[PDB]
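The chain below stands alone and is given as structure tokens, in the form deposited in one PDB entry.
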């Protein structure tokens, strides 16, 4: 527990940005990326119009303000459902704002802040991790 979610956090991060298959995850850390991914894709497809909320202005400088968007998650309700946006966002920026085939300095911004937030946002303790 603790930073274990970091290595796994980048998994879904790179796994979506096609990076010759990130070779830095446990035998089980791979499956997690599969399950979480299912929720990420479904969240993007289902929740699309609702994204009008504030999924633009903040994504303009997410490189200098990546975690700034993760603050919305822990504003009132940090339920699993609302947490999905955390990982889901990584797929929205990795497949729209950040071209795949390379983990350019950009993609890192996501993982660099993703965990930096998730960490202080240790909510992961409840994040879908039971199956």
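Positions refer to the first chain, counted from 1.
The next section is about a form of this same protein that is not shown, the form deposited with a partner chain bound.
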property	result
Single option in 37, 58, 29, 98 placed near its partner chain in the deposited complex, where near means a heavy atom within 4.5 Å	58
Residue contact check: residue 103 to its partner chain in the deposited complex, 4.5 Å heavy atom	no
Interface membership of residue 94, its partner chain in the deposited complex, 4.5 Å heavy atom rule	no
Contact of residue 33 with its partner chain in the deposited complex (heavy atom, 4.5 Å)	no
4.5 angstroms heavy atom contact with its partner chain in the deposited complex for residue 82	yes
Complete contact of 5, 10 and 63 with its partner chain in the deposited complex (any heavy atom, 4.5 Å)	no
